>>> print(open('final.txt').read())   # compact mmCIF, C-alpha atoms and all ligand atoms
# COMPACT_ATOMS: atom_id res chain seq x y z
CA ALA A 1 -25.17 34.48 64.45
CA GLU A 2 -24.05 35.73 61.04
CA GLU A 3 -20.38 36.68 61.58
CA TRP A 4 -18.98 33.12 61.46
CA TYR A 5 -20.99 32.20 58.35
CA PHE A 6 -18.77 32.71 55.30
CA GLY A 7 -21.30 31.27 52.84
CA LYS A 8 -19.98 30.10 49.48
CA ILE A 9 -16.24 30.14 50.12
CA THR A 10 -14.04 27.29 48.86
CA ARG A 11 -12.07 24.80 50.97
CA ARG A 12 -8.73 26.32 49.92
CA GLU A 13 -9.95 29.89 50.50
CA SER A 14 -11.12 28.93 54.00
CA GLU A 15 -7.72 27.34 54.72
CA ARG A 16 -5.84 30.46 53.57
CA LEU A 17 -7.92 32.50 56.05
CA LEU A 18 -7.63 30.00 58.92
CA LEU A 19 -3.87 29.58 58.47
CA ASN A 20 -3.43 33.21 59.66
CA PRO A 21 -0.63 33.05 62.33
CA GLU A 22 -2.44 35.51 64.61
CA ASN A 23 -5.35 33.05 64.81
CA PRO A 24 -5.63 31.27 68.19
CA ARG A 25 -6.06 27.48 68.06
CA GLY A 26 -9.75 26.80 67.52
CA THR A 27 -10.44 29.75 65.17
CA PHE A 28 -13.30 28.86 62.82
CA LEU A 29 -15.87 29.63 60.15
CA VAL A 30 -18.90 27.85 58.73
CA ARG A 31 -19.42 27.54 54.97
CA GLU A 32 -21.56 25.75 52.38
CA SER A 33 -20.56 22.20 51.41
CA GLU A 34 -18.40 22.21 48.28
CA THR A 35 -18.69 18.45 47.68
CA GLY A 36 -27.45 21.68 51.04
CA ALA A 37 -24.98 20.70 53.76
CA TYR A 38 -22.50 22.86 55.67
CA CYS A 39 -18.90 22.63 56.83
CA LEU A 40 -17.18 23.75 60.01
CA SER A 41 -13.50 24.55 59.35
CA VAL A 42 -11.27 24.95 62.43
CA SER A 43 -7.60 25.94 62.94
CA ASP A 44 -5.33 23.54 64.82
CA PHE A 45 -1.65 22.87 65.56
CA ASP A 46 0.76 19.96 65.92
CA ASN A 47 4.54 19.69 65.43
CA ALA A 48 4.36 17.73 62.15
CA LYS A 49 1.97 20.00 60.26
CA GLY A 50 2.43 23.20 62.22
CA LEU A 51 -0.69 25.33 61.76
CA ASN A 52 -3.37 23.33 59.95
CA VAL A 53 -7.10 23.21 59.25
CA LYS A 54 -9.63 20.51 60.10
CA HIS A 55 -12.89 20.29 58.13
CA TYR A 56 -16.05 18.85 59.68
CA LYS A 57 -19.11 18.07 57.58
CA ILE A 58 -22.37 19.29 59.11
CA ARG A 59 -25.03 16.74 58.23
CA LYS A 60 -28.81 16.93 58.49
CA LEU A 61 -31.18 14.41 60.04
CA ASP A 62 -34.23 13.37 57.99
CA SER A 63 -36.30 14.73 60.89
CA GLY A 64 -34.58 18.12 60.77
CA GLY A 65 -31.48 18.31 62.94
CA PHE A 66 -27.90 19.51 62.38
CA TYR A 67 -25.03 17.26 63.47
CA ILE A 68 -21.37 16.35 63.01
CA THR A 69 -21.10 13.40 65.42
CA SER A 70 -23.49 10.50 66.06
CA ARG A 71 -24.95 11.41 69.46
CA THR A 72 -25.50 15.18 69.33
CA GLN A 73 -27.95 17.18 67.20
CA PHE A 74 -28.97 20.85 67.01
CA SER A 75 -32.03 22.78 65.79
CA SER A 76 -29.83 25.37 64.09
CA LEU A 77 -26.24 26.14 63.07
CA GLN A 78 -26.05 28.84 65.76
CA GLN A 79 -26.85 26.24 68.43
CA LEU A 80 -24.17 23.91 66.99
CA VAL A 81 -21.59 26.71 67.10
CA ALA A 82 -22.60 27.66 70.66
CA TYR A 83 -22.19 24.03 71.76
CA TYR A 84 -18.75 23.47 70.23
CA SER A 85 -17.47 26.80 71.57
CA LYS A 86 -18.03 25.36 75.07
CA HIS A 87 -17.14 21.69 74.48
CA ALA A 88 -14.74 20.09 71.98
CA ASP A 89 -16.62 16.76 72.34
CA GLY A 90 -15.00 14.95 69.43
CA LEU A 91 -13.62 17.97 67.57
CA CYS A 92 -9.87 18.65 67.33
CA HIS A 93 -10.26 21.71 69.54
CA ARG A 94 -13.24 23.72 70.84
CA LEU A 95 -14.32 26.84 68.91
CA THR A 96 -12.50 29.87 70.29
CA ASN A 97 -12.49 32.68 67.75
CA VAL A 98 -14.42 33.70 64.61
CA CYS A 99 -12.05 33.72 61.62
CA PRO A 100 -10.76 37.26 60.84
CA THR A 101 -11.09 39.03 57.47
CL CL A 201 -16.48 19.87 51.73
CL CL A 202 -15.95 16.72 53.85
>>> encode(input="final.txt", output="structure tokens")
Amino acid sequence: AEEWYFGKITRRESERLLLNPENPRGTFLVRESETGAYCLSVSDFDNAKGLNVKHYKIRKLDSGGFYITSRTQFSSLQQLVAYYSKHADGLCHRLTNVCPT
């Protein structure tokens, strides 16, 4: 889709948005790599940090495939997002909600 793609937003700006207290665990957004790669930022919770944000680097295979882990690849970012919204499979939490505002 297009709604979860926040483009050129910084890491700190994405964290300010994801730290929203009304955000369910697993709220996310995809952005451009700040450090042509992408990044999946997801909200999470634990007692030590409270609400926090995890950042996953979306890498590209030399053959043309998007991936975060070393056993799963996707033909597009939409397919990657669809996959992780159904299965956590290595991520802190599965994707549950597109980040508001
Ligand atoms: Cl980054
Ligand atoms: Cl990173």
>>> residues_near_ligand(input="final.txt", ligand="ligand CL 201 (chain A)", cutoff="9 Å", atoms="only C-alpha atoms and all ligand atoms", output="ChimeraX atom specification")
/A:10-11,31-35,37-39,55-57
>>> write_last_selection(input="final.txt", atoms="C-alpha atoms", output="mmCIF file, keeping the file's coordinate frame")
data_model
loop_
_atom_site.group_PDB
_atom_site.id
_atom_site.type_symbol
_atom_site.label_atom_id
_atom_site.label_comp_id
_atom_site.auth_asym_id
_atom_site.auth_seq_id
_atom_site.Cartn_x
_atom_site.Cartn_y
_atom_site.Cartn_z
ATOM 1 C CA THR A 10 -14.040 27.290 48.860
ATOM 2 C CA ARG A 11 -12.070 24.800 50.970
ATOM 3 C CA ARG A 31 -19.420 27.540 54.970
ATOM 4 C CA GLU A 32 -21.560 25.750 52.380
ATOM 5 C CA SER A 33 -20.560 22.200 51.410
ATOM 6 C CA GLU A 34 -18.400 22.210 48.280
ATOM 7 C CA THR A 35 -18.690 18.450 47.680
ATOM 8 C CA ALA A 37 -24.980 20.700 53.760
ATOM 9 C CA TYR A 38 -22.500 22.860 55.670
ATOM 10 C CA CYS A 39 -18.900 22.630 56.830
ATOM 11 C CA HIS A 55 -12.890 20.290 58.130
ATOM 12 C CA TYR A 56 -16.050 18.850 59.680
ATOM 13 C CA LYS A 57 -19.110 18.070 57.580
#
>>> residues_around(input="final.txt", residues="residue 83 in chain A", least_positions_apart="2", cutoff="12 Å", atoms="all atoms listed in the file", output="PyMOL selection string")
chain A and resi 66-68+72-81+85-91+94-96
>>> write_last_selection(input="final.txt", atoms="C-alpha atoms", output="PDB file, in the coordinates of the input")
ATOM      1  CA  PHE A  66     -27.900  19.510  62.380  1.00  0.00           C
ATOM      2  CA  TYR A  67     -25.030  17.260  63.470  1.00  0.00           C
ATOM      3  CA  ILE A  68     -21.370  16.350  63.010  1.00  0.00           C
ATOM      4  CA  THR A  72     -25.500  15.180  69.330  1.00  0.00           C
ATOM      5  CA  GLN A  73     -27.950  17.180  67.200  1.00  0.00           C
ATOM      6  CA  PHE A  74     -28.970  20.850  67.010  1.00  0.00           C
ATOM      7  CA  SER A  75     -32.030  22.780  65.790  1.00  0.00           C
ATOM      8  CA  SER A  76     -29.830  25.370  64.090  1.00  0.00           C
ATOM      9  CA  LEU A  77     -26.240  26.140  63.070  1.00  0.00           C
ATOM     10  CA  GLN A  78     -26.050  28.840  65.760  1.00  0.00           C
ATOM     11  CA  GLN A  79     -26.850  26.240  68.430  1.00  0.00           C
ATOM     12  CA  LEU A  80     -24.170  23.910  66.990  1.00  0.00           C
ATOM     13  CA  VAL A  81     -21.590  26.710  67.100  1.00  0.00           C
ATOM     14  CA  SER A  85     -17.470  26.800  71.570  1.00  0.00           C
ATOM     15  CA  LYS A  86     -18.030  25.360  75.070  1.00  0.00           C
ATOM     16  CA  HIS A  87     -17.140  21.690  74.480  1.00  0.00           C
ATOM     17  CA  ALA A  88     -14.740  20.090  71.980  1.00  0.00           C
ATOM     18  CA  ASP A  89     -16.620  16.760  72.340  1.00  0.00           C
ATOM     19  CA  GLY A  90     -15.000  14.950  69.430  1.00  0.00           C
ATOM     20  CA  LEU A  91     -13.620  17.970  67.570  1.00  0.00           C
ATOM     21  CA  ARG A  94     -13.240  23.720  70.840  1.00  0.00           C
ATOM     22  CA  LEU A  95     -14.320  26.840  68.910  1.00  0.00           C
ATOM     23  CA  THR A  96     -12.500  29.870  70.290  1.00  0.00           C
TER      24      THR A  96
END
>>> residues_around(input="final.txt", residues="residue 24 in chain A", least_positions_apart="5", cutoff="12 Å", atoms="only C-alpha atoms", output="list in words")
residues 18, 19, 42, 43, 44, 45, 51, 52, 93, 94, 95, 96, 97, 98, 99 and 100 of chain A
>>> axis_aligned_box(input="final.txt", around="range 40-50 of chain A", padding_each_side="6 Å", output="AutoDock Vina command-line options")
--center_x -6.3 --center_y 21.8 --center_z 62.6 --size_x 33.7 --size_y 20.2 --size_z 18.6
>>> closest_residue(input="final.txt", among="A:48, A:1, A:58, A:29", to="ligand CL 202 (chain A)", atoms="all atoms listed in the file")
A:58
>>> atom_distance(input="final.txt", atom1="CA of residue 25 in chain A", atom2="CA of residue 60 in chain A")
26.8 Å
>>> closest_residue(input="final.txt", among="A:70, A:82, A:41, A:61", to="ligand CL 202 (chain A)", atoms="all atoms listed in the file")
A:41
>>> atom_distance(input="final.txt", atom1="CA of residue 8 in chain A", atom2="CA of residue 30 in chain A")
9.6 Å
>>> closest_residue(input="final.txt", among="A:69, A:23, A:59, A:92", to="ligand CL 202 (chain A)", atoms="all atoms listed in the file")
A:59
>>> atom_distance(input="final.txt", atom1="CA of residue 4 in chain A", atom2="CA of residue 28 in chain A")
7.2 Å
>>> closest_residue(input="final.txt", among="A:21, A:62, A:40, A:26", to="residue 6 in chain A", atoms="all atoms listed in the file")
A:40
>>> build_atoms(input="final.txt", residues="range 13-42 of chain A", atoms="N, CA and C atoms", output="PDB file, keeping the file's coordinate frame")
ATOM      1  N   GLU A  13      -9.824  28.497  50.080  1.00  0.00           N
ATOM      2  CA  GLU A  13      -9.950  29.890  50.500  1.00  0.00           C
ATOM      3  C   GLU A  13     -10.132  29.959  52.014  1.00  0.00           C
ATOM      4  N   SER A  14     -10.873  28.992  52.562  1.00  0.00           N
ATOM      5  CA  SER A  14     -11.120  28.930  54.000  1.00  0.00           C
ATOM      6  C   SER A  14      -9.828  28.570  54.754  1.00  0.00           C
ATOM      7  N   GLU A  15      -8.993  27.740  54.130  1.00  0.00           N
ATOM      8  CA  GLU A  15      -7.720  27.340  54.720  1.00  0.00           C
ATOM      9  C   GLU A  15      -6.729  28.504  54.736  1.00  0.00           C
ATOM     10  N   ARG A  16      -6.739  29.310  53.673  1.00  0.00           N
ATOM     11  CA  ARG A  16      -5.840  30.460  53.570  1.00  0.00           C
ATOM     12  C   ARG A  16      -6.167  31.455  54.702  1.00  0.00           C
ATOM     13  N   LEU A  17      -7.460  31.606  54.993  1.00  0.00           N
ATOM     14  CA  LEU A  17      -7.920  32.500  56.050  1.00  0.00           C
ATOM     15  C   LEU A  17      -7.618  31.941  57.444  1.00  0.00           C
ATOM     16  N   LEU A  18      -7.857  30.646  57.631  1.00  0.00           N
ATOM     17  CA  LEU A  18      -7.630  30.000  58.920  1.00  0.00           C
ATOM     18  C   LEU A  18      -6.165  29.788  59.272  1.00  0.00           C
ATOM     19  N   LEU A  19      -5.302  29.763  58.258  1.00  0.00           N
ATOM     20  CA  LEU A  19      -3.870  29.580  58.470  1.00  0.00           C
ATOM     21  C   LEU A  19      -3.167  30.845  58.975  1.00  0.00           C
ATOM     22  N   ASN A  20      -3.937  31.924  59.144  1.00  0.00           N
ATOM     23  CA  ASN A  20      -3.430  33.210  59.660  1.00  0.00           C
ATOM     24  C   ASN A  20      -2.734  32.912  60.998  1.00  0.00           C
ATOM     25  N   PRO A  21      -1.443  33.274  61.129  1.00  0.00           N
ATOM     26  CA  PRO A  21      -0.630  33.050  62.330  1.00  0.00           C
ATOM     27  C   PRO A  21      -1.092  33.766  63.603  1.00  0.00           C
ATOM     28  N   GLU A  22      -1.926  34.791  63.450  1.00  0.00           N
ATOM     29  CA  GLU A  22      -2.440  35.510  64.610  1.00  0.00           C
ATOM     30  C   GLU A  22      -3.694  34.823  65.137  1.00  0.00           C
ATOM     31  N   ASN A  23      -4.159  33.809  64.410  1.00  0.00           N
ATOM     32  CA  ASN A  23      -5.350  33.050  64.810  1.00  0.00           C
ATOM     33  C   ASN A  23      -5.064  32.080  65.945  1.00  0.00           C
ATOM     34  N   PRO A  24      -5.825  32.179  67.049  1.00  0.00           N
ATOM     35  CA  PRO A  24      -5.630  31.270  68.190  1.00  0.00           C
ATOM     36  C   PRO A  24      -6.094  29.883  67.743  1.00  0.00           C
ATOM     37  N   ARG A  25      -5.634  28.836  68.417  1.00  0.00           N
ATOM     38  CA  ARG A  25      -6.060  27.480  68.060  1.00  0.00           C
ATOM     39  C   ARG A  25      -7.569  27.438  68.302  1.00  0.00           C
ATOM     40  N   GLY A  26      -8.309  26.859  67.364  1.00  0.00           N
ATOM     41  CA  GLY A  26      -9.750  26.800  67.520  1.00  0.00           C
ATOM     42  C   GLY A  26     -10.494  27.901  66.766  1.00  0.00           C
ATOM     43  N   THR A  27      -9.784  28.691  65.954  1.00  0.00           N
ATOM     44  CA  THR A  27     -10.440  29.750  65.170  1.00  0.00           C
ATOM     45  C   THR A  27     -11.271  29.026  64.105  1.00  0.00           C
ATOM     46  N   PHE A  28     -12.440  29.560  63.767  1.00  0.00           N
ATOM     47  CA  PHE A  28     -13.300  28.860  62.820  1.00  0.00           C
ATOM     48  C   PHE A  28     -14.203  29.722  61.959  1.00  0.00           C
ATOM     49  N   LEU A  29     -14.892  29.034  61.052  1.00  0.00           N
ATOM     50  CA  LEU A  29     -15.870  29.630  60.150  1.00  0.00           C
ATOM     51  C   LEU A  29     -16.767  28.491  59.683  1.00  0.00           C
ATOM     52  N   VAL A  30     -17.968  28.836  59.240  1.00  0.00           N
ATOM     53  CA  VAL A  30     -18.900  27.850  58.730  1.00  0.00           C
ATOM     54  C   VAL A  30     -19.138  28.253  57.275  1.00  0.00           C
ATOM     55  N   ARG A  31     -19.218  27.267  56.389  1.00  0.00           N
ATOM     56  CA  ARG A  31     -19.420  27.540  54.970  1.00  0.00           C
ATOM     57  C   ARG A  31     -20.337  26.485  54.353  1.00  0.00           C
ATOM     58  N   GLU A  32     -20.709  26.697  53.093  1.00  0.00           N
ATOM     59  CA  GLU A  32     -21.560  25.750  52.380  1.00  0.00           C
ATOM     60  C   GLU A  32     -20.694  24.599  51.889  1.00  0.00           C
ATOM     61  N   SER A  33     -21.267  23.397  51.857  1.00  0.00           N
ATOM     62  CA  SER A  33     -20.560  22.200  51.410  1.00  0.00           C
ATOM     63  C   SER A  33     -20.180  22.320  49.933  1.00  0.00           C
ATOM     64  N   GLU A  34     -18.904  22.104  49.642  1.00  0.00           N
ATOM     65  CA  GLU A  34     -18.400  22.210  48.280  1.00  0.00           C
ATOM     66  C   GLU A  34     -18.547  20.879  47.535  1.00  0.00           C
ATOM     67  N   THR A  35     -18.551  19.774  48.277  1.00  0.00           N
ATOM     68  CA  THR A  35     -18.690  18.450  47.680  1.00  0.00           C
ATOM     69  C   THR A  35     -20.116  17.914  47.773  1.00  0.00           C
ATOM     70  N   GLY A  36     -27.118  20.595  50.137  1.00  0.00           N
ATOM     71  CA  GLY A  36     -27.450  21.680  51.040  1.00  0.00           C
ATOM     72  C   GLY A  36     -26.862  21.486  52.426  1.00  0.00           C
ATOM     73  N   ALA A  37     -25.655  20.933  52.489  1.00  0.00           N
ATOM     74  CA  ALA A  37     -24.980  20.700  53.760  1.00  0.00           C
ATOM     75  C   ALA A  37     -23.975  21.806  54.051  1.00  0.00           C
ATOM     76  N   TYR A  38     -23.471  21.842  55.281  1.00  0.00           N
ATOM     77  CA  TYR A  38     -22.500  22.860  55.670  1.00  0.00           C
ATOM     78  C   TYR A  38     -21.195  22.242  56.146  1.00  0.00           C
ATOM     79  N   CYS A  39     -20.201  23.092  56.366  1.00  0.00           N
ATOM     80  CA  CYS A  39     -18.900  22.630  56.830  1.00  0.00           C
ATOM     81  C   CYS A  39     -18.321  23.569  57.871  1.00  0.00           C
ATOM     82  N   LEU A  40     -17.813  22.983  58.946  1.00  0.00           N
ATOM     83  CA  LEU A  40     -17.180  23.750  60.010  1.00  0.00           C
ATOM     84  C   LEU A  40     -15.670  23.546  59.825  1.00  0.00           C
ATOM     85  N   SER A  41     -14.946  24.624  59.540  1.00  0.00           N
ATOM     86  CA  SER A  41     -13.500  24.550  59.350  1.00  0.00           C
ATOM     87  C   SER A  41     -12.847  25.206  60.568  1.00  0.00           C
ATOM     88  N   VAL A  42     -11.923  24.487  61.205  1.00  0.00           N
ATOM     89  CA  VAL A  42     -11.270  24.950  62.430  1.00  0.00           C
ATOM     90  C   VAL A  42      -9.735  24.903  62.362  1.00  0.00           C
TER      91      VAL A  42
END
